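Spelled out, the chains give:
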Amino acid sequence: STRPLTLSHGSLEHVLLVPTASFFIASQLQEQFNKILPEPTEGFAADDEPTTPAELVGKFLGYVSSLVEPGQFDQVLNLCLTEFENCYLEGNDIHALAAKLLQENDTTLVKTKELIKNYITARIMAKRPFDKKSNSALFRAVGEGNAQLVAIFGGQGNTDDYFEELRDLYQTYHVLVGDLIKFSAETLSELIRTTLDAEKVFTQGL
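Residues numbered from 1 in each chain as written, not as in the entry; some residues may be left out. Part of a larger assembly, values for the part shown. Heavy atoms only, no water. Residues with missing side-chain atoms left out of burial classes, pairs and counts.

- As recorded in the PDB header, cryo-EM is the method behind this entry, and the stated resolution is 2.08 Å.

- Labelled according to the PDB entry, the protein appears under the name Fatty acid synthase subunit beta, originating from Saccharomyces cerevisiae.
- In the PDB, the structure is listed with the title "Atomic model of wild type S. cerevisiae Fatty Acid Synthase (FAS) in complex with Palmitoyl-CoA (in vitro binding)".

## Some remarks on a nonpolar patch on the surface
Point 1. On the surface, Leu188, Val201, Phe202 and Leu206 cluster together into a nonpolar patch covering about 390 Å² of accessible area.
Point 2. Here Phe202 shows up in the segment after α9 (198–201).
Point 3. A relative accessible area of 34% means that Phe202 is categorised as partly exposed. (Patch = residues over 30% accessible without salt bridge, like charges linked within 9 Å, V, L, I, M, F, W, Y side chains within 5 Å. Areas by Shrake-Rupley, 256 points an atom, 1.4 Å probe, with all protein chains shown as cover. Salt bridge = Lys/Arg side-chain N within 4 Å of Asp/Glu carboxyl O. Helix = DSSP H or I, 4+ residues; strand = E, 2+ residues; numbered from the N terminus. Buried < 20%, exposed > 50% of the residue type's maximum accessible area, 1.4 Å probe, protein only.)

## What to know about the packing of helix α2 (residues 53–67) against helix α3 (residues 74–88)
Point 1. With their axes 10 Å apart at the nearest point, α2 and α3 run at an angle of 160° to one another. Here α3 runs roughly antiparallel to α2, going by the angle between their axes. Every pair of crossing elements has a handedness; the one defined by α2 and α3 is left-handed. Side by side, α2 and α3 meet where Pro53, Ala54, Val57, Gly58, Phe60, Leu61, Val64 and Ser65 of the first sit next to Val76, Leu77, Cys80, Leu81, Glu83, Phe84 and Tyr88 of the second.
Point 2. Here the residues of the contact of α2 with α3 are counted per class, giving 12 nonpolar, 2 polar and 1 charged. (Axes fitted to C-alpha atoms, helices over the stretch in contact; angles between N-to-C directions. Parallel < 35°, antiparallel > 145°, perpendicular 65-115°, else oblique. Left-handed = near helix turned anticlockwise from the far one by under 90°. Contact = heavy atoms within 4.5 Å. Nonpolar A, V, L, I, M, F, W, Y, C, P; charged D, E, K, R; others polar.)

## As for the state of the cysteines
Point 1. Counted by the stated rule, this structure contains 0 disulfides.
Point 2. Summary of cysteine pairing: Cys80 is not part of a disulfide, and the nearest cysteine sulfur, belonging to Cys87, is at 13 Å. (Disulfide = S-S within 2.5 Å.)

## Digging into helix α4 (residues 94–103)
Point 1. Where α4 is concerned, the buried positions are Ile94, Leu97, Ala98 and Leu101. Considered in projection along α4, the buried side chains sweep an arc of 100° and stay on one side of the axis.
Point 2. Next to the buried residues of α4 lie α2, α3 and α5 (109–125).
Point 3. In this structure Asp93 caps α4, since a side-chain oxygen of it lies 3.2 Å from the backbone nitrogen of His95. (Arc of directions from axis to C-beta. Polar contact = N/O pair within 3.5 Å; in protein donor to acceptor, adjacent residues only side chain to side chain.)

## What about the pairing of strand β1 (residues 4–9)?
Point 1. Burial along β1 is one-sided: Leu5, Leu7 and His9 are buried, while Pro4, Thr6 and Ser8, pointing the other way, are not.
Point 2. The loop that links β1 with its antiparallel partner strand β2 (residues 12–17) comprises 2 residues; one of these, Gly10, has a positive phi angle of about 55°. (Pairing = 2+ DSSP bridges.)

## Concerning the packing of α3 against α5
Point 1. Direction vectors running N to C along α3 and α5 enclose 130°, while the axes themselves pass 11 Å from each other. The angle between the axes of α3 and α5 places the two elements in the oblique class. α3 and α5 meet at a crossing whose hand is left-handed. Along the contact surface, α3 presents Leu77, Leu81, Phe84 and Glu85, while α5 presents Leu115, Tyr119, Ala122 and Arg123.
Point 2. When grouped by side-chain class, the residues that make up the contact of α3 with α5 number 6 nonpolar, no polar and 2 charged.

Structure follows, in structure tokens:
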């Protein structure tokens, strides 16, 4: 059996059906989550507060992932992961859900990025990587011969604040590109050290 509970944030709230076996673990995690979640506001126009139930579930998911560390809360993590997927990710990619939330609902781009971050980090933390190949319409079309893809890479001049893009790509997808970025930093530092006059150019370091 599975007694239910309601992860709620003021006006907006969502109901979860946890198994009876781990109901107490779920309830303690829920109480902690209400403890770390700020009071609701009219219009939810402020930050750090969900605006739609999808956002609330994703925030709970990220909180559990923060406590989850590869056993205690693992089972509830998986259970609520599956509930969120089955209710909000109708066999569609998380990015599709984020785009839906932006376009139709009145959610900020930052909140959608945070939801993506929570869901993806939880998916990796729950031993549910994305090893299974996707069925994205575009790549299906390419395989069927319907479409042809060419990849292009830009360069200097596009923007004055590119490091912000690097920052966002690090923050949201930390669990996917952390190794890449760390290897990049390490090899860059090694090249600086081995290169004769690099440090002369790199006055403030790299």
